[PDB]
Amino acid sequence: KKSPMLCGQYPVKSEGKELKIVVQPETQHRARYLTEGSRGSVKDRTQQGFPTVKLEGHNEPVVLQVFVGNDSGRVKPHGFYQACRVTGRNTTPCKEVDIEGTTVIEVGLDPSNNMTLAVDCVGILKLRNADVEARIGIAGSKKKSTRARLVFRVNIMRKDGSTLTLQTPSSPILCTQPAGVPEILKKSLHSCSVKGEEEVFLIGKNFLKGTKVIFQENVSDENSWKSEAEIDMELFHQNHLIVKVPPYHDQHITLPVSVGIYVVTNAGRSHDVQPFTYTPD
């Protein structure tokens, strides 16, 4: 690498060459801390591969550089995150160099693979605020950012001593720890008359801000009658919640109907379903 300042303005394509991101990285990747183990490379959005960058308009071996930059605007290396290498008996080999104090990961883009590479060797390291705080004061109430972009860039050298610098940043990635699926561990009531209205205490975990309690007949994705039970907000809690039993659709059943309850969180659905029996009026 020629080491052109990381802060300079550079184009994605030029002189008949483009550095494009074929496969964007996941929208979220939990950064790891120095005090703990490694946490893995950054995957793609299907979690089944890795962000993939391609270099069209050129067919020679060229080192690809990667580093973690701010989440938006003019590309600057992020101030709270540092890129890091991820070793593995299947991961692409790479070097870990330091530029202007920020860590940059050098991988090798090659024509033997049509100038394409699935970056599977880059992880994100979280720097401690307090630590950053006492170096760059401008970073704190001025800005504590938890989002970052994977910054890719190639430094080709033209015929003379010149060097063309193509750079392309990915979509932002939220670098914190994911919500975790909702779960119901135990409910206080398992049976109620068809008119409902009786309260049910639910204790479990991960009841996020956008959670909903759903009373359903079966597991008919398309429709087997479902209904949002009203939640008590004056006592909402990530681990417990009080909901009122929604009245059943058939006020005139002759026999007890067994239905299921499960919760939806802005992040997912409590895959384990609770049984609840509606009984005639």
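The numbering used is simple: start at 1 and walk along the sequence shown.
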- Message: Per the record, averaged over C-alpha atoms, which has the higher B-factor: 174-182 or 91-99?
- Response: 91-99
- Item | Between 245-253 and 66-74 (mean CA B-factor, as deposited), the higher | 245-253
- Out of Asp131, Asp120, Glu199, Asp160, which shows the largest CA B-factor listed in the entry? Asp160
- Of the residues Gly204, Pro111, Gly210, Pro169, the one whose Cα carries the largest B-factor in the deposited record is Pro111
- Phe50: CA temperature factor from the record, placed by chain third, in the middle
- Query: Lowest, middle or highest third: where is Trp225 by Cα B-factor in its chain?
  - Reply: highest
- Message: Please say which third, lowest, middle or highest, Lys43 falls into when its CA temperature factor is compared across its chain.
- Response: middle
- Query: Considering only modelled residues of the same chain, in which third does the CA B-factor of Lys142 rank: lowest, middle or highest?
  - Reply: highest
- Chain-relative CA temperature factor third for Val151: lowest
